[PDB]
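Since the structure comes first, as structure tokens, the remarks are kept for the end.
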Amino acid sequence: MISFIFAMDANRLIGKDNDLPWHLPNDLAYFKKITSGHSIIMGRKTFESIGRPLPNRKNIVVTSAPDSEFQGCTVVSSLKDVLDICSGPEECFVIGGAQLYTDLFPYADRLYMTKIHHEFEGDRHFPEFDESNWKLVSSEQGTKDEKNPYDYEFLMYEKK
Ligand SMILES: NC(=O)c1ccc[n+]([C@@H]2O[C@H](COP(=O)([O-])OP(=O)(O)OC[C@H]3O[C@@H](n4cnc5c(N)ncnc54)[C@H](OP(=O)(O)O)[C@@H]3O)[C@@H](O)[C@H]2O)c1
Ligand SMILES: Nc1nc(=O)c2nc(CNc3ccc(C(=O)N[C@@H](CCC(=O)O)C(=O)O)cc3)cnc2[nH]1
């Protein structure tokens, strides 16, 4: 099973200069809660943006690099390998970046979208998709506080 998790702004922005466009600590805490217990699948630039493997998850990096360059991870060279690893009932989380979200979109079963109601500047976007193909299963407004000073919400869609 393939689930996506991502945070995007009102213009579908996810990144700028190989980095996040904002700081939203409660959303990162949510990401940790959701992805705990699961293999996480990421592109090489997303791994480097994170900087070190995330704890308590199998970190799978899609890259042409040798395995030796990402020893704290499991390297695969093709998304075919991702589908083989992820086939069946056990849930993989695809954690970006734009290239994986776009190319793996037809194979996603679930979308865990943090929607930030703001427009930032940047250079990487989540792919357009027709929301009419999806059911909104859950929605929760994110805490707006001093550390998390946006209007944001945690949405989960499941494919029809
Ligand atoms: N807001 C969010 O939720 C969120 C989530 C994740 C990432 N981001 C942001 O997104 C940006 C990164 O996204 P991106 O699209 O530039 O990079 P990316 O998808 O993370 O990484 C691209 C690299 O991954 C490898 N790759 C990707 N698809 C491949 C495929 N099918 N087969 C083989 N290799 C493949 C290649 O590595 P090699 O060149 O090594 O072969 C490619 O150069 C950063 O700004 C990051 O902060 C945001
Ligand atoms: N909802 C969501 N928000 C994001 O910002 C996001 N970012 C990525 C890629 N970038 C990152 C950057 C940092 C961490 C990170 O440090 N996560 C820790 C957070 C621990 C905490 O803050 O409590 C982790 O253990 O998951 C994860 C992904 C992928 N999916 C996302 N999904």
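Here, A, B, ... name the chains of the structure tokens in the order displayed, residue numbers run from 1 inside each chain, and ligands are numbered from 1 in the same displayed order.
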Q: Name the residues, by chain letter and number, that sit within 6 Å of ligand 1 using only C-alpha atoms and all ligand atoms, and give them as a PyMOL selection string.
A: chain A and resi 6-8+14-20+42-46+49+62-65+77-79+95-100+124
Q. Within 10 Å of ligand 2, counting only C-alpha atoms and all ligand atoms, which protein or nucleic acid residues do you find, written as a PyMOL selection string?
A. chain A and resi 4-8+14-15+18-36+40-43+45-57+93-97+112-115+154-155
C-alpha atoms of the current selection, written as a tab-separated table (two decimals), in the first residue's frame:
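Generated file (again-v6.tsv):
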```
chain	number	residue	atom	x	y	z
A	4	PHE	CA	1.65	10.01	0.51
A	5	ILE	CA	2.38	12.50	3.27
A	6	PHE	CA	3.18	16.11	2.45
A	7	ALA	CA	2.56	19.71	3.45
A	8	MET	CA	1.70	22.22	0.74
A	14	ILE	CA	6.31	22.21	-1.17
A	15	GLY	CA	9.89	23.47	-1.51
A	18	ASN	CA	16.00	22.27	-1.75
A	19	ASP	CA	14.34	23.11	1.56
A	20	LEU	CA	10.99	23.71	3.11
A	21	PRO	CA	9.47	27.19	2.58
A	22	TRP	CA	8.27	27.58	6.17
A	23	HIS	CA	8.74	26.27	9.71
A	24	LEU	CA	5.70	24.47	11.12
A	25	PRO	CA	6.85	22.33	14.05
A	26	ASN	CA	3.44	20.86	14.87
A	27	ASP	CA	3.24	19.57	11.28
A	28	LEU	CA	6.64	17.91	11.62
A	29	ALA	CA	5.42	16.33	14.87
A	30	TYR	CA	2.36	15.08	12.98
A	31	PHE	CA	4.60	13.68	10.26
A	32	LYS	CA	6.56	11.78	12.90
A	33	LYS	CA	3.35	10.41	14.47
A	34	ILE	CA	1.94	9.23	11.14
A	35	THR	CA	5.11	7.76	9.64
A	36	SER	CA	6.32	5.94	12.78
A	40	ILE	CA	9.48	5.94	4.28
A	41	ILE	CA	10.32	6.36	0.58
A	42	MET	CA	12.06	9.50	-0.64
A	43	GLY	CA	14.01	10.94	-3.50
A	45	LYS	CA	17.26	15.46	-2.86
A	46	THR	CA	14.61	15.04	-0.15
A	47	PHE	CA	16.99	12.81	1.82
A	48	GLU	CA	19.68	15.48	1.57
A	49	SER	CA	17.19	18.18	2.57
A	50	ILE	CA	16.47	16.20	5.73
A	51	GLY	CA	20.19	15.57	6.19
A	52	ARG	CA	20.26	12.39	8.28
A	53	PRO	CA	18.02	9.31	8.34
A	54	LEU	CA	14.86	9.64	10.38
A	55	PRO	CA	14.74	7.39	13.46
A	56	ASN	CA	12.40	4.41	13.91
A	57	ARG	CA	11.67	4.13	10.17
A	93	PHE	CA	4.84	6.32	3.18
A	94	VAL	CA	6.13	8.32	0.21
A	95	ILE	CA	7.64	11.48	1.68
A	96	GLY	CA	8.62	13.28	-1.53
A	97	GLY	CA	9.94	15.21	-3.21
A	112	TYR	CA	-2.09	12.77	4.16
A	113	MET	CA	-2.10	16.44	3.16
A	114	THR	CA	-1.24	19.32	5.47
A	115	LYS	CA	-2.81	22.30	3.72
A	154	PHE	CA	-4.45	18.03	8.53
A	155	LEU	CA	-6.48	16.30	5.81
```
Q) For residue 85 in chain A, which residue among A:39, A:11, A:143, A:148 is the nearest when counting only C-alpha atoms? A)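 Under the stated criterion, the closest residue is A:39.
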Assign secondary structure with DSSP using the backbone only, and return the residues of chain A in helix (DSSP H, G or I) as a PDB file with N, CA, C and O atoms, in the first residue's frame.
```pdb
ATOM      1  N   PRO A  25       6.420  23.464  13.230  1.00  0.00           N
ATOM      2  CA  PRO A  25       6.852  22.326  14.051  1.00  0.00           C
ATOM      3  C   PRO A  25       5.741  21.352  14.388  1.00  0.00           C
ATOM      4  O   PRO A  25       6.015  20.151  14.496  1.00  0.00           O
ATOM      5  N   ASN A  26       4.509  21.808  14.567  1.00  0.00           N
ATOM      6  CA  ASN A  26       3.441  20.863  14.874  1.00  0.00           C
ATOM      7  C   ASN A  26       3.161  19.933  13.694  1.00  0.00           C
ATOM      8  O   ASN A  26       2.759  18.788  13.883  1.00  0.00           O
ATOM      9  N   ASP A  27       3.362  20.428  12.468  1.00  0.00           N
ATOM     10  CA  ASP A  27       3.236  19.573  11.283  1.00  0.00           C
ATOM     11  C   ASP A  27       4.360  18.542  11.228  1.00  0.00           C
ATOM     12  O   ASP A  27       4.116  17.381  10.890  1.00  0.00           O
ATOM     13  N   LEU A  28       5.593  18.917  11.568  1.00  0.00           N
ATOM     14  CA  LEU A  28       6.639  17.906  11.615  1.00  0.00           C
ATOM     15  C   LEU A  28       6.359  16.864  12.702  1.00  0.00           C
ATOM     16  O   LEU A  28       6.646  15.683  12.511  1.00  0.00           O
ATOM     17  N   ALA A  29       5.786  17.291  13.833  1.00  0.00           N
ATOM     18  CA  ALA A  29       5.420  16.331  14.873  1.00  0.00           C
ATOM     19  C   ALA A  29       4.342  15.374  14.372  1.00  0.00           C
ATOM     20  O   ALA A  29       4.357  14.178  14.675  1.00  0.00           O
ATOM     21  N   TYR A  30       3.384  15.902  13.619  1.00  0.00           N
ATOM     22  CA  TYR A  30       2.356  15.084  12.983  1.00  0.00           C
ATOM     23  C   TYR A  30       2.982  14.090  12.013  1.00  0.00           C
ATOM     24  O   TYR A  30       2.654  12.907  12.025  1.00  0.00           O
ATOM     25  N   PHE A  31       3.899  14.565  11.166  1.00  0.00           N
ATOM     26  CA  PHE A  31       4.603  13.682  10.258  1.00  0.00           C
ATOM     27  C   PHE A  31       5.270  12.533  11.005  1.00  0.00           C
ATOM     28  O   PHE A  31       5.182  11.379  10.584  1.00  0.00           O
ATOM     29  N   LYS A  32       5.925  12.827  12.120  1.00  0.00           N
ATOM     30  CA  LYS A  32       6.562  11.777  12.900  1.00  0.00           C
ATOM     31  C   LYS A  32       5.517  10.777  13.411  1.00  0.00           C
ATOM     32  O   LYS A  32       5.716   9.556  13.339  1.00  0.00           O
ATOM     33  N   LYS A  33       4.405  11.280  13.937  1.00  0.00           N
ATOM     34  CA  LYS A  33       3.353  10.409  14.466  1.00  0.00           C
ATOM     35  C   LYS A  33       2.814   9.484  13.394  1.00  0.00           C
ATOM     36  O   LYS A  33       2.565   8.303  13.662  1.00  0.00           O
ATOM     37  N   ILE A  34       2.553  10.013  12.201  1.00  0.00           N
ATOM     38  CA  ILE A  34       1.944   9.231  11.136  1.00  0.00           C
ATOM     39  C   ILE A  34       2.924   8.206  10.579  1.00  0.00           C
ATOM     40  O   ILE A  34       2.551   7.063  10.284  1.00  0.00           O
ATOM     41  N   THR A  35       4.174   8.608  10.350  1.00  0.00           N
ATOM     42  CA  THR A  35       5.106   7.757   9.637  1.00  0.00           C
ATOM     43  C   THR A  35       5.854   6.761  10.526  1.00  0.00           C
ATOM     44  O   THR A  35       6.377   5.778  10.010  1.00  0.00           O
ATOM     45  N   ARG A  44      16.369  11.393  -3.604  1.00  0.00           N
ATOM     46  CA  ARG A  44      17.690  11.679  -3.070  1.00  0.00           C
ATOM     47  C   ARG A  44      17.779  13.111  -2.560  1.00  0.00           C
ATOM     48  O   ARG A  44      18.411  13.375  -1.537  1.00  0.00           O
ATOM     49  N   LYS A  45      17.175  14.070  -3.296  1.00  0.00           N
ATOM     50  CA  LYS A  45      17.256  15.456  -2.856  1.00  0.00           C
ATOM     51  C   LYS A  45      16.473  15.656  -1.556  1.00  0.00           C
ATOM     52  O   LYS A  45      16.916  16.397  -0.679  1.00  0.00           O
ATOM     53  N   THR A  46      15.334  14.973  -1.416  1.00  0.00           N
ATOM     54  CA  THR A  46      14.607  15.039  -0.151  1.00  0.00           C
ATOM     55  C   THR A  46      15.447  14.457   0.985  1.00  0.00           C
ATOM     56  O   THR A  46      15.508  15.055   2.064  1.00  0.00           O
ATOM     57  N   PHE A  47      16.106  13.314   0.770  1.00  0.00           N
ATOM     58  CA  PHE A  47      16.986  12.806   1.820  1.00  0.00           C
ATOM     59  C   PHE A  47      17.995  13.879   2.226  1.00  0.00           C
ATOM     60  O   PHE A  47      18.201  14.147   3.410  1.00  0.00           O
ATOM     61  N   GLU A  48      18.658  14.485   1.246  1.00  0.00           N
ATOM     62  CA  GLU A  48      19.678  15.481   1.568  1.00  0.00           C
ATOM     63  C   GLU A  48      19.076  16.700   2.251  1.00  0.00           C
ATOM     64  O   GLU A  48      19.715  17.319   3.115  1.00  0.00           O
ATOM     65  N   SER A  49      17.837  17.051   1.912  1.00  0.00           N
ATOM     66  CA  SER A  49      17.186  18.178   2.566  1.00  0.00           C
ATOM     67  C   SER A  49      16.936  17.893   4.039  1.00  0.00           C
ATOM     68  O   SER A  49      16.925  18.806   4.871  1.00  0.00           O
ATOM     69  N   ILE A  50      16.662  16.632   4.358  1.00  0.00           N
ATOM     70  CA  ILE A  50      16.471  16.200   5.728  1.00  0.00           C
ATOM     71  C   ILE A  50      17.826  16.152   6.432  1.00  0.00           C
ATOM     72  O   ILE A  50      17.993  16.719   7.519  1.00  0.00           O
ATOM     73  N   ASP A  67      25.017   2.347  -3.214  1.00  0.00           N
ATOM     74  CA  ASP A  67      24.528   2.113  -1.857  1.00  0.00           C
ATOM     75  C   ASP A  67      25.442   2.737  -0.815  1.00  0.00           C
ATOM     76  O   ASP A  67      24.980   3.189   0.247  1.00  0.00           O
ATOM     77  N   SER A  68      26.734   2.754  -1.088  1.00  0.00           N
ATOM     78  CA  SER A  68      27.734   3.256  -0.162  1.00  0.00           C
ATOM     79  C   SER A  68      27.565   4.727   0.159  1.00  0.00           C
ATOM     80  O   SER A  68      28.122   5.179   1.161  1.00  0.00           O
ATOM     81  N   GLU A  69      26.856   5.489  -0.676  1.00  0.00           N
ATOM     82  CA  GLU A  69      26.737   6.918  -0.424  1.00  0.00           C
ATOM     83  C   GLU A  69      25.639   7.243   0.573  1.00  0.00           C
ATOM     84  O   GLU A  69      25.610   8.367   1.088  1.00  0.00           O
ATOM     85  N   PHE A  70      24.768   6.275   0.870  1.00  0.00           N
ATOM     86  CA  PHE A  70      23.648   6.450   1.810  1.00  0.00           C
ATOM     87  C   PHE A  70      23.529   5.212   2.703  1.00  0.00           C
ATOM     88  O   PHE A  70      22.519   4.518   2.725  1.00  0.00           O
ATOM     89  N   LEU A  79      11.680   3.235  -9.217  1.00  0.00           N
ATOM     90  CA  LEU A  79      10.374   3.116  -8.599  1.00  0.00           C
ATOM     91  C   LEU A  79       9.739   1.753  -8.773  1.00  0.00           C
ATOM     92  O   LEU A  79       8.865   1.392  -7.989  1.00  0.00           O
ATOM     93  N   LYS A  80      10.146   0.964  -9.765  1.00  0.00           N
ATOM     94  CA  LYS A  80       9.685  -0.419  -9.816  1.00  0.00           C
ATOM     95  C   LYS A  80      10.061  -1.162  -8.535  1.00  0.00           C
ATOM     96  O   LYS A  80       9.270  -1.974  -8.035  1.00  0.00           O
ATOM     97  N   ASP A  81      11.268  -0.889  -7.996  1.00  0.00           N
ATOM     98  CA  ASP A  81      11.706  -1.537  -6.775  1.00  0.00           C
ATOM     99  C   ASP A  81      10.832  -1.105  -5.605  1.00  0.00           C
ATOM    100  O   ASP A  81      10.543  -1.895  -4.707  1.00  0.00           O
ATOM    101  N   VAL A  82      10.432   0.166  -5.574  1.00  0.00           N
ATOM    102  CA  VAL A  82       9.520   0.665  -4.550  1.00  0.00           C
ATOM    103  C   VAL A  82       8.201  -0.093  -4.590  1.00  0.00           C
ATOM    104  O   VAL A  82       7.675  -0.518  -3.566  1.00  0.00           O
ATOM    105  N   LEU A  83       7.626  -0.245  -5.780  1.00  0.00           N
ATOM    106  CA  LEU A  83       6.353  -0.944  -5.854  1.00  0.00           C
ATOM    107  C   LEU A  83       6.506  -2.394  -5.412  1.00  0.00           C
ATOM    108  O   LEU A  83       5.620  -2.925  -4.744  1.00  0.00           O
ATOM    109  N   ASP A  84       7.629  -3.037  -5.730  1.00  0.00           N
ATOM    110  CA  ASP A  84       7.840  -4.409  -5.312  1.00  0.00           C
ATOM    111  C   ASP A  84       7.929  -4.497  -3.797  1.00  0.00           C
ATOM    112  O   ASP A  84       7.330  -5.373  -3.180  1.00  0.00           O
ATOM    113  N   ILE A  85       8.699  -3.598  -3.187  1.00  0.00           N
ATOM    114  CA  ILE A  85       8.882  -3.599  -1.741  1.00  0.00           C
ATOM    115  C   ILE A  85       7.566  -3.335  -1.032  1.00  0.00           C
ATOM    116  O   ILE A  85       7.289  -3.923   0.026  1.00  0.00           O
ATOM    117  N   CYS A  86       6.734  -2.429  -1.593  1.00  0.00           N
ATOM    118  CA  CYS A  86       5.518  -1.898  -0.977  1.00  0.00           C
ATOM    119  C   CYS A  86       4.255  -2.649  -1.365  1.00  0.00           C
ATOM    120  O   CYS A  86       3.158  -2.246  -0.963  1.00  0.00           O
ATOM    121  N   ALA A  98       8.987  16.452  -5.041  1.00  0.00           N
ATOM    122  CA  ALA A  98       8.040  16.665  -6.130  1.00  0.00           C
ATOM    123  C   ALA A  98       8.134  15.574  -7.192  1.00  0.00           C
ATOM    124  O   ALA A  98       7.116  15.143  -7.736  1.00  0.00           O
ATOM    125  N   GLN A  99       9.343  15.108  -7.495  1.00  0.00           N
ATOM    126  CA  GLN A  99       9.456  14.081  -8.534  1.00  0.00           C
ATOM    127  C   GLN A  99       8.749  12.797  -8.118  1.00  0.00           C
ATOM    128  O   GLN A  99       8.047  12.193  -8.928  1.00  0.00           O
ATOM    129  N   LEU A 100       8.896  12.354  -6.861  1.00  0.00           N
ATOM    130  CA  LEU A 100       8.189  11.132  -6.456  1.00  0.00           C
ATOM    131  C   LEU A 100       6.695  11.347  -6.305  1.00  0.00           C
ATOM    132  O   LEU A 100       5.902  10.460  -6.645  1.00  0.00           O
ATOM    133  N   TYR A 101       6.289  12.480  -5.742  1.00  0.00           N
ATOM    134  CA  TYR A 101       4.861  12.686  -5.578  1.00  0.00           C
ATOM    135  C   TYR A 101       4.180  12.668  -6.933  1.00  0.00           C
ATOM    136  O   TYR A 101       3.077  12.132  -7.092  1.00  0.00           O
ATOM    137  N   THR A 102       4.841  13.244  -7.935  1.00  0.00           N
ATOM    138  CA  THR A 102       4.245  13.282  -9.256  1.00  0.00           C
ATOM    139  C   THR A 102       4.243  11.900  -9.894  1.00  0.00           C
ATOM    140  O   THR A 102       3.208  11.429 -10.371  1.00  0.00           O
ATOM    141  N   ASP A 103       5.382  11.215  -9.881  1.00  0.00           N
ATOM    142  CA  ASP A 103       5.470   9.965 -10.625  1.00  0.00           C
ATOM    143  C   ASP A 103       4.754   8.806  -9.945  1.00  0.00           C
ATOM    144  O   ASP A 103       4.273   7.895 -10.623  1.00  0.00           O
ATOM    145  N   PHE A 105       2.027   9.193  -8.125  1.00  0.00           N
ATOM    146  CA  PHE A 105       0.653   9.557  -7.809  1.00  0.00           C
ATOM    147  C   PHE A 105      -0.367   8.513  -8.242  1.00  0.00           C
ATOM    148  O   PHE A 105      -1.326   8.290  -7.482  1.00  0.00           O
ATOM    149  N   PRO A 106      -0.248   7.862  -9.418  1.00  0.00           N
ATOM    150  CA  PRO A 106      -1.258   6.885  -9.828  1.00  0.00           C
ATOM    151  C   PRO A 106      -1.348   5.677  -8.933  1.00  0.00           C
ATOM    152  O   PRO A 106      -2.337   4.942  -9.019  1.00  0.00           O
ATOM    153  N   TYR A 107      -0.343   5.450  -8.090  1.00  0.00           N
ATOM    154  CA  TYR A 107      -0.221   4.285  -7.226  1.00  0.00           C
ATOM    155  C   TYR A 107      -0.514   4.610  -5.774  1.00  0.00           C
ATOM    156  O   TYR A 107      -0.392   3.723  -4.907  1.00  0.00           O
ATOM    157  N   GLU A 131      -9.514  16.627  -7.157  1.00  0.00           N
ATOM    158  CA  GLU A 131     -10.007  16.213  -5.853  1.00  0.00           C
ATOM    159  C   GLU A 131     -11.335  15.480  -5.944  1.00  0.00           C
ATOM    160  O   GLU A 131     -11.694  14.759  -5.007  1.00  0.00           O
ATOM    161  N   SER A 132     -12.071  15.646  -7.044  1.00  0.00           N
ATOM    162  CA  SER A 132     -13.340  14.945  -7.204  1.00  0.00           C
ATOM    163  C   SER A 132     -13.168  13.434  -7.283  1.00  0.00           C
ATOM    164  O   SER A 132     -14.167  12.708  -7.186  1.00  0.00           O
ATOM    165  N   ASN A 133     -11.941  12.945  -7.454  1.00  0.00           N
ATOM    166  CA  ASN A 133     -11.672  11.516  -7.436  1.00  0.00           C
ATOM    167  C   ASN A 133     -11.412  10.971  -6.039  1.00  0.00           C
ATOM    168  O   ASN A 133     -11.094   9.782  -5.915  1.00  0.00           O
TER     169      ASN A 133
END
```
Q.
Using DSSP secondary structure from the backbone, list all strand (DSSP E or B) positions within range 3-42 of chain A, as a ChimeraX atom specification.
A. /A:3-8,13-15,40-42
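In this structure, CA of residue 90 in chain A sits 29.0 Å away from CA of residue 13 in chain A.
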